[PDB]
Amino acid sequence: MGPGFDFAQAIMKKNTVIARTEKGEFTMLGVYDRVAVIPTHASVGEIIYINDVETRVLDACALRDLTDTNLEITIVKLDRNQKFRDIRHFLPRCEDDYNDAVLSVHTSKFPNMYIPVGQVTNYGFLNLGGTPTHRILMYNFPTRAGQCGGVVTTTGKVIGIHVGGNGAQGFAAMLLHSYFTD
């Protein structure tokens, strides 16, 4: 409908796949080459389904900060025959707050779904499903089961992936450029 939705659509149409693990179907953001991200609670194993195709996992790393605190981001390298468009230049370098964000989801349950979530707070610490978690972004939208892995964008930046909610607020794990230096 406007330039926020335009940026979000450009990311969804080229940089997302549908990932299926034993824990469900997730929006998965491809970042560069065969490297993608997914919430750590997806419990990625040795094999994952990517757009309903059986795919070997070449590497999977559940990120933690230097205090050994969960970040809820798993970086996955996929044995896929095709590279993602390199979007690392759209990743923020530092923790921050944002205005006017969109949450975008693409699954069998929610295809082509875009949600204007508004203002995004650098919330920091969250007890997420019982697990102490750092680098959490918060938005005041009543997000629902099926939105995990959803991409959070502003105009010009890819800032996080949806990891949870409490019925009134939604929570995303930060994406930072430093996660994907190679």
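Just count from 1 along the sequence shown to find any residue number.
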query	finding
Mean C-alpha temperature factor, higher of 109-117 and 139-147	139-147
Which of 89-97 and 71-79 has higher mean CA B factor, as the PDB entry lists it	89-97
Criterion, highest CA B-factor; candidates, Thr55, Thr27, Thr40, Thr154	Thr154
Lowest, middle or highest third - CA B-factor, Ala168	highest
B-factor third for the C-alpha atom of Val31 within its chain	lowest
Within-chain third of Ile50 by Cα B-factor, per the entry	lowest
